Amino acid sequence: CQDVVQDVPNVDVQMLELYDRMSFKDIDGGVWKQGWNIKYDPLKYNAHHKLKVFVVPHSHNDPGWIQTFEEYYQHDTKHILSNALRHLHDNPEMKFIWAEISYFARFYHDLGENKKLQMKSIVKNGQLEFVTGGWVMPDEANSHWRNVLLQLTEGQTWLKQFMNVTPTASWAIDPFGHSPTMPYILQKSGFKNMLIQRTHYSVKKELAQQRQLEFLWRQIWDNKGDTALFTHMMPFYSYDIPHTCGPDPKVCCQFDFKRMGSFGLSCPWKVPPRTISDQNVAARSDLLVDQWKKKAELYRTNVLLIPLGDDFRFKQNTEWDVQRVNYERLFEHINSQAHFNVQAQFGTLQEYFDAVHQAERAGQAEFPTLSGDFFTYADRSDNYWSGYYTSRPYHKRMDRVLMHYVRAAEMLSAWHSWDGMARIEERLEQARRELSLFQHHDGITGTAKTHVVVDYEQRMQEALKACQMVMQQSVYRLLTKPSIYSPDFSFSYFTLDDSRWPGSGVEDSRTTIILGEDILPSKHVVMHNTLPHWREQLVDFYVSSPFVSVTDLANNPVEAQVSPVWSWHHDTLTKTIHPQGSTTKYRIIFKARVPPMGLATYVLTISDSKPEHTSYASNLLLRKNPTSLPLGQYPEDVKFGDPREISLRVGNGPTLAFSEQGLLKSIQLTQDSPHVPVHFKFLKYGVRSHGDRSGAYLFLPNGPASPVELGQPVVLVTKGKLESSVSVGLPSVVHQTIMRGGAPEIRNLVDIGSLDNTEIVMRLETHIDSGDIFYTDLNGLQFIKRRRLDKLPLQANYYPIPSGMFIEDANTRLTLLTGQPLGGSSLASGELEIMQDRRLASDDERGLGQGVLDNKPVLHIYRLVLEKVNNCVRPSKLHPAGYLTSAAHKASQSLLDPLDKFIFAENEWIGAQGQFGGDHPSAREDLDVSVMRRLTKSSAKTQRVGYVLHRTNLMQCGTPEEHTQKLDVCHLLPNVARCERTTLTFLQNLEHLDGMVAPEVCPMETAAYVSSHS
Ligand SMILES: [O-]S([O-])([O-])O[C@H](CO)[C@@H](O)C[Se@+]1C[C@@H](O)[C@H](O)[C@H]1CO
Ligand SMILES: *[C@@H]1O[C@H](CO)[C@@H](O)[C@H](O)[C@H]1NC(C)=O
Ligand SMILES: [Zn+2]
């Protein structure tokens, strides 16, 4: 295994190093506004060395943005695809590339058989070529790598089944900045080449000057280069026709033949396209070839890529004709005039890359190596696209919830083969496709119109219900005696109970377990643990009595704590935000212990008085002018006091101190250690009153944030043996710090209300001597070193926080893990900050045509880990990566993949069993079974089950290793007949494995395996 910590890779371009050196001056470069006047030697190309030009027709089809997926399909995309089928069928030399398989599958299934056959023929013959082949072209900033892989697999599995093709070239022309997680996944999925477009205009200029726009993109920790993927970065401001023929858009616009008038389009540079004729083709070709030769100067080979397309292009039959016939006249002239020394033709993306690599192998060019990322993107001036790291945060959090529900549903149901009447495959396909659709770069990014966001939300709600149905049918089958199991595939044997989604204060969605002597004495509950190691976690349920005790199925008592159910209310009469307690529902909390990838059953039983093994939390409400707070049968009366500082400690965990406003002020790790200053603060950013306004995409603050005025907020302190917490009702945020014995959990119920033109940020202030360095993750996969640059504006120093961020000095580190992707930074030494929500009245001129005024309450969740790191073996000062400790990684897993909870619906569960998975291997902590998916329906004689195994890399800090069993996923199911290593999409077998054993993977590696069972 390669060492991902101690060996700094030697690359030609390292993006953090490049950023430190670049000046980012925004000077007017002439017609190429963000470049320079390109010059070329006319003698460079001659009869023995011609410029080969591939004009690649394309149509960017957003799966929802300003219309819903179905609205665009009916008004635009179905016409584009039907007319592409006809025009390619009738014009053999015409070509077209297609990226979004969600639309293609929607179209293809509605085609009659004769047309399906015609479509398969134009794909097989190379006229229509799929690029990437994912369900969507995903966002690369907020998306979790697991979901990027899920949507890639959904589109490519469809393409292999119906079109018999698997793309090896990727096309990503619209995500707002680019992540190295893409080449990571693509290179492990059979790809050979990729293309990107939205990178900072200063980066395009710098790389163009050095002819480094084509590069071998490797991961930041990869010393050898085995992860490398050839990448082409486009050079100009847009993928539209004016910015793809060459440097001067006033000239390129004249070659977009849809802009002459009858189509309702024109050239903003004021020179229209003119139909090509025999009287103007020489002058028109002179102009076009000059643009092409200038563009060719930015690259190393004699093969030039010229995309020809724009949003929802190639719809009308007349449009296909006007583009095709005019370009055919240009090619016939150009290719026949030896003096140009050019051979131009319509081509596909793969044809371009194949020709570039033929030139490379002929020794015509060598390509540079590169590592790093391409965030934060700016398309012009100071317009940095860091707003969408936070926009529509409710749905960003929903993405992570559904991510986990899909994983858990696929894993729980994979253990058995299911009759088609159970509709398992149907429900899982629906859930995978709705979550995959949301990975679109106008979905999770929060950059779609209001009604489109509603459509994504409805799709995701249906997907959550589908996952619940599959999960609960699976639990019932896995835990009922086989000869008793009698399923009704439409029945709800269990209800899922989720304490954090939509969340307390967001939706009252949880069911109360109703017990009583005159109705039901007890209730079975079941926990599932999707992770491949034994895990303990506190779990809670709502119950109708405080006198409840817990047992495991061997009837062993389990210690429990009961606390009230508190809800916060914005009292419009008293003008205060304060908590109300229920007098008939209570929370019972206990530690569940669950096998690796397994299930554990417990029983909740009511008694007439306090049970021996159940304790009750105390509650203290701090506020002036308190009123009573009765709690029914709850046995401890609520106490009141004036606001004051307080300190709490659960178990032998850290001791936390809080200000009189209910906000953390210090953490003391052990009884003898220092009270380390760690202060939470809420602030607000505004919008500029002159100049460009923030919107869904752009963050354009009117200076540093200002503190939110807190008033004298009401603070609630709950103290228990198993769980304690401090909650405070602040303007727009109910902030809660929860302690269970380790790093605290933070929950914010964020309701920005009607505060227009406001962004609310949560900041941590410490005295850690971090300087200008901080770390943020990329897609939940890796942590990358960031350097704050005071030569860039504040918004340029914001980066995606898809799952975590940290600052550190020689001795101390503070890591904040998140349960949702949000934007954040470290704007000063010792600080971390992360945006909670943003409400913007204005459109930001990127096509959306509205502000962001559809905010709704969202429950954001986090873990806050303060640790000593002086003994940790860390990368050297020049390494571009960072790595989590064991505690921080487990805290991230507690947020993203918690235990699932099931409440048995009926009164009696006949045939109930107490555990599943007790014999599953408990794998080393850095290994995860990211995906477990049965790949065959029940009719297949040979069943196949696919696994994606990911090993992260955790710092060595002196904690002895111990135990753990080797995990061989190929033997998790019985009767294994074959074990194969495959691409990550499961679509190609790469290795037949000896002894049917699937080896574990190296740190930072991801592999896929398929086991076959007789
Ligand atoms: O913004 S426009 O309507 O002018 O369209 C341009 C050119 O066709 C297009 O690039 C928009 Se891009 C398409 C959409 O996915 C994205 O949110 C937009 C970010 O600006
Ligand atoms: C699909 O795969 C290849 C395409 O090159 C071909 O040999 C094979 O006959 C095709 N068969 C199908 C599934 O149509
Ligand atoms: Zn787009």
# chains A, B, ... in the order shown; residues from 1 in each chain; ligands from 1

$ closest_atom_pairs --of "chain A" --to "ligand 2" --cutoff "8 Å" --atoms "only C-alpha atoms and all ligand atoms" --output "JSON lines"
{"residue": "A:124", "atom": "CA", "partner": "ligand 2", "partner_atom_place_in_ligand_line": "4 (C)", "distance": 7.4}
{"residue": "A:161", "atom": "CA", "partner": "ligand 2", "partner_atom_place_in_ligand_line": "13 (C)", "distance": 7.4}
{"residue": "A:163", "atom": "CA", "partner": "ligand 2", "partner_atom_place_in_ligand_line": "14 (O)", "distance": 7.6}
{"residue": "A:164", "atom": "CA", "partner": "ligand 2", "partner_atom_place_in_ligand_line": "1 (C)", "distance": 4.9}
{"residue": "A:165", "atom": "CA", "partner": "ligand 2", "partner_atom_place_in_ligand_line": "4 (C)", "distance": 7.0}

$ write_last_selection --atoms "C-alpha atoms" --output "mmCIF file, in the first residue's frame"
data_model
loop_
_atom_site.group_PDB
_atom_site.id
_atom_site.type_symbol
_atom_site.label_atom_id
_atom_site.label_comp_id
_atom_site.auth_asym_id
_atom_site.auth_seq_id
_atom_site.Cartn_x
_atom_site.Cartn_y
_atom_site.Cartn_z
ATOM 1 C CA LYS A 124 -23.645 1.396 -32.221
ATOM 2 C CA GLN A 161 -28.568 -2.915 -20.466
ATOM 3 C CA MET A 163 -27.598 0.599 -25.381
ATOM 4 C CA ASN A 164 -24.777 -1.903 -24.808
ATOM 5 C CA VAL A 165 -22.178 0.811 -24.179
#

$ residues_around --residues "segment 181-186 of chain A" --least-positions-apart "6" --cutoff "10 Å" --atoms "only C-alpha atoms" --output "ChimeraX atom specification"
/A:132,138,140-141,143-146,148-149,152,168-170,172,192-194,216-219,227-231,373,778-782,983-985,1005-1006

$ select_by_dssp --residues "segment 122-251 of chain A" --states "strand (DSSP E)" --output "list in words"
residues 128, 129, 130, 169, 170, 171, 172, 193, 194, 195, 196, 214, 215, 216, 217, 229, 230, 231, 232 and 233 of chain A

$ write_last_selection --atoms "C-alpha atoms" --output "PDB file, in the first residue's frame"
ATOM      1  CA  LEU A 128     -24.719   9.463 -31.035  1.00  0.00           C
ATOM      2  CA  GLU A 129     -22.193   9.062 -28.199  1.00  0.00           C
ATOM      3  CA  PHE A 130     -22.891   9.049 -24.497  1.00  0.00           C
ATOM      4  CA  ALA A 169     -14.882   9.817 -21.438  1.00  0.00           C
ATOM      5  CA  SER A 170     -16.591  12.241 -19.047  1.00  0.00           C
ATOM      6  CA  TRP A 171     -18.145  15.649 -19.928  1.00  0.00           C
ATOM      7  CA  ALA A 172     -18.771  18.147 -17.064  1.00  0.00           C
ATOM      8  CA  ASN A 193     -10.482  10.822 -20.057  1.00  0.00           C
ATOM      9  CA  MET A 194     -12.521  13.696 -18.626  1.00  0.00           C
ATOM     10  CA  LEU A 195     -13.409  17.264 -19.502  1.00  0.00           C
ATOM     11  CA  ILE A 196     -14.173  20.242 -17.203  1.00  0.00           C
ATOM     12  CA  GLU A 214      -4.625  19.239 -20.453  1.00  0.00           C
ATOM     13  CA  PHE A 215      -3.096  17.355 -17.530  1.00  0.00           C
ATOM     14  CA  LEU A 216      -2.913  14.039 -15.736  1.00  0.00           C
ATOM     15  CA  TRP A 217      -5.047  14.734 -12.653  1.00  0.00           C
ATOM     16  CA  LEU A 229      -6.872  10.567 -15.198  1.00  0.00           C
ATOM     17  CA  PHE A 230      -6.255  12.612 -18.316  1.00  0.00           C
ATOM     18  CA  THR A 231      -8.249  15.826 -18.032  1.00  0.00           C
ATOM     19  CA  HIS A 232      -9.061  18.562 -20.516  1.00  0.00           C
ATOM     20  CA  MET A 233      -9.979  21.973 -19.111  1.00  0.00           C
TER      21      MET A 233
END

$ closest_residue --among "A:427, A:440, A:575, A:920" --to "ligand 3" --atoms "only C-alpha atoms and all ligand atoms"
A:440

$ residues_near_ligand --ligand "ligand 1" --cutoff "7 Å" --atoms "only C-alpha atoms and all ligand atoms" --output "number ranges by chain"
A: 62, 65, 174, 238-240, 310-311, 441-442, 447, 846-848

$ write_last_selection --atoms "C-alpha atoms" --output "mmCIF file, in the first residue's frame"
data_model
loop_
_atom_site.group_PDB
_atom_site.id
_atom_site.type_symbol
_atom_site.label_atom_id
_atom_site.label_comp_id
_atom_site.auth_asym_id
_atom_site.auth_seq_id
_atom_site.Cartn_x
_atom_site.Cartn_y
_atom_site.Cartn_z
ATOM 1 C CA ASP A 62 -30.604 20.341 -17.038
ATOM 2 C CA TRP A 65 -33.584 24.215 -13.074
ATOM 3 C CA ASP A 174 -21.606 23.133 -15.958
ATOM 4 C CA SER A 238 -18.578 29.582 -21.190
ATOM 5 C CA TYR A 239 -19.431 26.348 -23.004
ATOM 6 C CA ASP A 240 -21.768 28.318 -25.351
ATOM 7 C CA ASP A 310 -25.703 25.428 -25.548
ATOM 8 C CA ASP A 311 -28.676 24.918 -23.194
ATOM 9 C CA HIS A 441 -25.929 20.776 -10.285
ATOM 10 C CA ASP A 442 -29.249 22.663 -9.873
ATOM 11 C CA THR A 447 -30.006 26.954 -7.519
ATOM 12 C CA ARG A 846 -26.874 33.685 -13.641
ATOM 13 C CA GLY A 847 -30.220 32.724 -15.171
ATOM 14 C CA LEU A 848 -32.328 31.669 -12.227
#

$ closest_residue --among "A:819, A:851, A:309, A:57" --to "residue 758 of chain A" --atoms "only C-alpha atoms"
A:851

$ closest_residue --among "A:71, A:51, A:469, A:202" --to "residue 27 of chain A" --atoms "only C-alpha atoms"
A:202

$ select_by_dssp --residues "segment 233-471 of chain A" --states "alpha helix (DSSP H)" --output "PyMOL selection string"
chain A and resi 249-252+281-296+317-336+349-361+393-414+424-438+450-471

$ residues_around --residues "residue 563 of chain A" --least-positions-apart "2" --cutoff "12 Å" --atoms "only C-alpha atoms" --output "ChimeraX atom specification"
/A:540-543,545-548,560-561,565-566,581-583,585-590,614-619,631,633-638,717-725

$ closest_residue --among "A:646, A:135, A:420, A:448" --to "ligand 3" --atoms "only C-alpha atoms and all ligand atoms"
A:448

$ closest_residue --among "A:683, A:94, A:431, A:1008" --to "residue 988 of chain A" --atoms "only C-alpha atoms"
A:1008

$ residues_around --residues "residue 788 of chain A" --least-positions-apart "4" --cutoff "12 Å" --atoms "only C-alpha atoms" --output "number ranges by chain"
A: 16, 19-20, 376, 770-776, 792-799, 807, 824-829, 831-832

$ write_last_selection --atoms "C-alpha atoms" --output "PDB file, in the first residue's frame"
ATOM      1  CA  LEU A  16      -2.564  25.174  -3.392  1.00  0.00           C
ATOM      2  CA  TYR A  19      -2.848  29.777  -5.600  1.00  0.00           C
ATOM      3  CA  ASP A  20      -0.069  30.992  -3.253  1.00  0.00           C
ATOM      4  CA  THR A 376     -13.932  28.394  -5.284  1.00  0.00           C
ATOM      5  CA  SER A 770      -3.650  28.049  12.948  1.00  0.00           C
ATOM      6  CA  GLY A 771      -2.488  31.180  11.128  1.00  0.00           C
ATOM      7  CA  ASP A 772      -3.877  31.084   7.623  1.00  0.00           C
ATOM      8  CA  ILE A 773      -4.328  27.324   7.306  1.00  0.00           C
ATOM      9  CA  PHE A 774      -7.500  25.267   7.630  1.00  0.00           C
ATOM     10  CA  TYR A 775      -8.821  21.979   6.231  1.00  0.00           C
ATOM     11  CA  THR A 776     -12.140  21.171   4.556  1.00  0.00           C
ATOM     12  CA  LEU A 792      -8.752  37.539  -2.441  1.00  0.00           C
ATOM     13  CA  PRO A 793     -12.071  38.873  -1.149  1.00  0.00           C
ATOM     14  CA  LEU A 794     -13.869  37.250   1.801  1.00  0.00           C
ATOM     15  CA  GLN A 795     -16.243  35.168  -0.383  1.00  0.00           C
ATOM     16  CA  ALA A 796     -13.262  33.599  -2.259  1.00  0.00           C
ATOM     17  CA  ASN A 797     -12.077  32.182   1.083  1.00  0.00           C
ATOM     18  CA  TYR A 798     -15.334  30.261   1.558  1.00  0.00           C
ATOM     19  CA  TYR A 799     -15.187  26.592   0.545  1.00  0.00           C
ATOM     20  CA  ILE A 807      -7.952  23.946  12.271  1.00  0.00           C
ATOM     21  CA  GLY A 824     -17.554  27.770   5.514  1.00  0.00           C
ATOM     22  CA  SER A 825     -14.090  29.165   6.173  1.00  0.00           C
ATOM     23  CA  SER A 826     -11.482  30.186   8.705  1.00  0.00           C
ATOM     24  CA  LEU A 827     -11.280  33.983   8.290  1.00  0.00           C
ATOM     25  CA  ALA A 828      -8.765  34.488  11.095  1.00  0.00           C
ATOM     26  CA  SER A 829      -6.341  32.398  13.015  1.00  0.00           C
ATOM     27  CA  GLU A 831     -11.553  30.490  13.904  1.00  0.00           C
ATOM     28  CA  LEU A 832     -13.915  28.139  12.059  1.00  0.00           C
TER      29      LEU A 832
END

$ atom_distance --atom1 "atom CA of residue 694 of chain A" --atom2 "atom CA of residue 452 of chain A"
20.5 Å

$ closest_residue --among "A:203, A:365, A:656, A:80" --to "residue 380 of chain A" --atoms "only C-alpha atoms"
A:203

$ residues_around --residues "residue 605 of chain A" --least-positions-apart "4" --cutoff "12 Å" --atoms "only C-alpha atoms" --output "ChimeraX atom specification"
/A:513-517,520-525,543-552,555,557-558,560,588,609-611,613-614

$ write_last_selection --atoms "N, CA and C atoms" --output "PDB file, in the first residue's frame"
ATOM      1  N   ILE A 513     -44.727   5.694  21.409  1.00  0.00           N
ATOM      2  CA  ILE A 513     -45.038   4.313  21.796  1.00  0.00           C
ATOM      3  C   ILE A 513     -46.043   4.413  22.993  1.00  0.00           C
ATOM      4  N   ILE A 514     -47.251   3.964  22.725  1.00  0.00           N
ATOM      5  CA  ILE A 514     -48.359   4.073  23.679  1.00  0.00           C
ATOM      6  C   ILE A 514     -48.489   2.797  24.478  1.00  0.00           C
ATOM      7  N   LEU A 515     -48.158   2.923  25.757  1.00  0.00           N
ATOM      8  CA  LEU A 515     -48.206   1.803  26.679  1.00  0.00           C
ATOM      9  C   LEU A 515     -49.187   2.159  27.799  1.00  0.00           C
ATOM     10  N   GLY A 516     -49.753   1.153  28.444  1.00  0.00           N
ATOM     11  CA  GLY A 516     -50.699   1.412  29.527  1.00  0.00           C
ATOM     12  C   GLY A 516     -51.262   0.081  29.950  1.00  0.00           C
ATOM     13  N   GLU A 517     -51.580  -0.001  31.233  1.00  0.00           N
ATOM     14  CA  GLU A 517     -52.112  -1.265  31.783  1.00  0.00           C
ATOM     15  C   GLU A 517     -53.395  -1.727  31.121  1.00  0.00           C
ATOM     16  N   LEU A 520     -51.673  -1.889  26.533  1.00  0.00           N
ATOM     17  CA  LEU A 520     -50.493  -2.600  25.965  1.00  0.00           C
ATOM     18  C   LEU A 520     -49.369  -2.442  26.965  1.00  0.00           C
ATOM     19  N   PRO A 521     -48.873  -3.545  27.528  1.00  0.00           N
ATOM     20  CA  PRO A 521     -47.804  -3.419  28.518  1.00  0.00           C
ATOM     21  C   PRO A 521     -46.387  -3.159  28.007  1.00  0.00           C
ATOM     22  N   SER A 522     -46.108  -3.606  26.778  1.00  0.00           N
ATOM     23  CA  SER A 522     -44.741  -3.515  26.272  1.00  0.00           C
ATOM     24  C   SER A 522     -44.727  -3.424  24.755  1.00  0.00           C
ATOM     25  N   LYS A 523     -43.536  -3.059  24.275  1.00  0.00           N
ATOM     26  CA  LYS A 523     -43.300  -2.846  22.848  1.00  0.00           C
ATOM     27  C   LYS A 523     -41.859  -3.246  22.479  1.00  0.00           C
ATOM     28  N   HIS A 524     -41.761  -4.006  21.396  1.00  0.00           N
ATOM     29  CA  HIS A 524     -40.450  -4.330  20.812  1.00  0.00           C
ATOM     30  C   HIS A 524     -39.981  -3.213  19.856  1.00  0.00           C
ATOM     31  N   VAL A 525     -38.688  -2.920  19.959  1.00  0.00           N
ATOM     32  CA  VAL A 525     -37.999  -1.975  19.049  1.00  0.00           C
ATOM     33  C   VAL A 525     -36.750  -2.692  18.540  1.00  0.00           C
ATOM     34  N   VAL A 543     -42.389   7.900  24.460  1.00  0.00           N
ATOM     35  CA  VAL A 543     -43.273   6.940  25.168  1.00  0.00           C
ATOM     36  C   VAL A 543     -44.335   7.722  25.930  1.00  0.00           C
ATOM     37  N   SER A 544     -45.467   7.056  26.139  1.00  0.00           N
ATOM     38  CA  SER A 544     -46.600   7.736  26.789  1.00  0.00           C
ATOM     39  C   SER A 544     -46.575   7.730  28.293  1.00  0.00           C
ATOM     40  N   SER A 545     -45.540   7.218  28.917  1.00  0.00           N
ATOM     41  CA  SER A 545     -45.402   7.222  30.371  1.00  0.00           C
ATOM     42  C   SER A 545     -43.945   7.381  30.730  1.00  0.00           C
ATOM     43  N   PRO A 546     -43.626   8.004  31.867  1.00  0.00           N
ATOM     44  CA  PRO A 546     -42.219   8.114  32.246  1.00  0.00           C
ATOM     45  C   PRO A 546     -41.738   6.805  32.933  1.00  0.00           C
ATOM     46  N   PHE A 547     -42.660   5.892  33.295  1.00  0.00           N
ATOM     47  CA  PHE A 547     -42.291   4.699  34.027  1.00  0.00           C
ATOM     48  C   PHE A 547     -42.124   3.544  33.082  1.00  0.00           C
ATOM     49  N   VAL A 548     -40.979   3.587  32.382  1.00  0.00           N
ATOM     50  CA  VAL A 548     -40.680   2.593  31.358  1.00  0.00           C
ATOM     51  C   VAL A 548     -39.285   2.076  31.572  1.00  0.00           C
ATOM     52  N   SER A 549     -39.133   0.775  31.435  1.00  0.00           N
ATOM     53  CA  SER A 549     -37.788   0.217  31.526  1.00  0.00           C
ATOM     54  C   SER A 549     -37.496  -0.625  30.266  1.00  0.00           C
ATOM     55  N   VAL A 550     -36.218  -0.849  30.073  1.00  0.00           N
ATOM     56  CA  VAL A 550     -35.711  -1.488  28.873  1.00  0.00           C
ATOM     57  C   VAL A 550     -35.035  -2.803  29.204  1.00  0.00           C
ATOM     58  N   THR A 551     -35.262  -3.798  28.365  1.00  0.00           N
ATOM     59  CA  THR A 551     -34.582  -5.102  28.447  1.00  0.00           C
ATOM     60  C   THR A 551     -34.118  -5.512  27.038  1.00  0.00           C
ATOM     61  N   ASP A 552     -33.119  -6.383  26.978  1.00  0.00           N
ATOM     62  CA  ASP A 552     -32.685  -6.944  25.698  1.00  0.00           C
ATOM     63  C   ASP A 552     -33.512  -8.232  25.475  1.00  0.00           C
ATOM     64  N   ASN A 555     -33.857 -10.683  28.206  1.00  0.00           N
ATOM     65  CA  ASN A 555     -34.477 -10.135  29.399  1.00  0.00           C
ATOM     66  C   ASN A 555     -33.496  -9.525  30.388  1.00  0.00           C
ATOM     67  N   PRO A 557     -31.715  -6.408  32.031  1.00  0.00           N
ATOM     68  CA  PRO A 557     -32.068  -4.991  32.122  1.00  0.00           C
ATOM     69  C   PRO A 557     -31.020  -4.157  31.427  1.00  0.00           C
ATOM     70  N   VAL A 558     -31.458  -3.021  30.868  1.00  0.00           N
ATOM     71  CA  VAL A 558     -30.582  -2.109  30.184  1.00  0.00           C
ATOM     72  C   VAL A 558     -30.826  -0.752  30.875  1.00  0.00           C
ATOM     73  N   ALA A 560     -31.473   3.039  31.501  1.00  0.00           N
ATOM     74  CA  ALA A 560     -32.139   4.000  30.641  1.00  0.00           C
ATOM     75  C   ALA A 560     -32.303   5.306  31.377  1.00  0.00           C
ATOM     76  N   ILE A 588     -37.426   8.297  26.242  1.00  0.00           N
ATOM     77  CA  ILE A 588     -36.636   7.281  26.935  1.00  0.00           C
ATOM     78  C   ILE A 588     -35.362   7.093  26.079  1.00  0.00           C
ATOM     79  N   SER A 609     -44.695   2.562  38.676  1.00  0.00           N
ATOM     80  CA  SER A 609     -43.847   3.511  39.364  1.00  0.00           C
ATOM     81  C   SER A 609     -42.432   3.434  38.826  1.00  0.00           C
ATOM     82  N   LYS A 610     -41.543   4.280  39.333  1.00  0.00           N
ATOM     83  CA  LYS A 610     -40.175   4.310  38.848  1.00  0.00           C
ATOM     84  C   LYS A 610     -39.482   2.966  38.850  1.00  0.00           C
ATOM     85  N   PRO A 611     -39.021   2.518  37.671  1.00  0.00           N
ATOM     86  CA  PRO A 611     -38.316   1.258  37.440  1.00  0.00           C
ATOM     87  C   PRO A 611     -36.932   1.334  38.035  1.00  0.00           C
ATOM     88  N   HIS A 613     -33.989   0.342  36.870  1.00  0.00           N
ATOM     89  CA  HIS A 613     -32.900   0.679  35.958  1.00  0.00           C
ATOM     90  C   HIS A 613     -33.141   1.902  35.085  1.00  0.00           C
ATOM     91  N   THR A 614     -34.099   2.736  35.434  1.00  0.00           N
ATOM     92  CA  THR A 614     -34.380   3.957  34.677  1.00  0.00           C
ATOM     93  C   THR A 614     -34.207   5.147  35.610  1.00  0.00           C
TER      94      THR A 614
END

$ closest_atom_pairs --of "segment 565-658 of chain A" --to "segment 487-507 of chain A" --cutoff "9 Å" --atoms "only C-alpha atoms" --output "CSV"
residue,atom,partner,partner_atom,distance
A:566,CA,A:504,CA,8.8
A:567,CA,A:505,CA,6.7
A:568,CA,A:505,CA,7.1
A:569,CA,A:505,CA,8.7

$ atom_distance --atom1 "atom CA of residue 660 of chain A" --atom2 "atom CA of residue 684 of chain A"
21.0 Å

$ residues_around --residues "residue 835 of chain A" --least-positions-apart "2" --cutoff "7 Å" --atoms "only C-alpha atoms" --output "MDAnalysis selection string"
chainID A and resid 390 760:762 822:824 833 837

$ decode --residues "segment 900-911 of chain A" --atoms "C-alpha atoms" --output "mmCIF file, in the first residue's frame"
data_model
loop_
_atom_site.group_PDB
_atom_site.id
_atom_site.type_symbol
_atom_site.label_atom_id
_atom_site.label_comp_id
_atom_site.auth_asym_id
_atom_site.auth_seq_id
_atom_site.Cartn_x
_atom_site.Cartn_y
_atom_site.Cartn_z
ATOM 1 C CA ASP A 900 -31.766 3.033 12.313
ATOM 2 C CA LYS A 901 -34.682 2.541 14.733
ATOM 3 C CA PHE A 902 -37.794 0.479 14.122
ATOM 4 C CA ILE A 903 -40.924 0.303 16.319
ATOM 5 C CA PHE A 904 -43.016 -2.873 15.916
ATOM 6 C CA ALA A 905 -46.490 -1.741 14.784
ATOM 7 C CA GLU A 906 -48.803 -4.512 16.065
ATOM 8 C CA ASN A 907 -49.395 -5.607 19.621
ATOM 9 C CA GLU A 908 -47.516 -8.913 19.488
ATOM 10 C CA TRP A 909 -44.605 -10.051 17.323
ATOM 11 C CA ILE A 910 -44.935 -13.850 17.088
ATOM 12 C CA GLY A 911 -41.607 -15.572 16.360
#
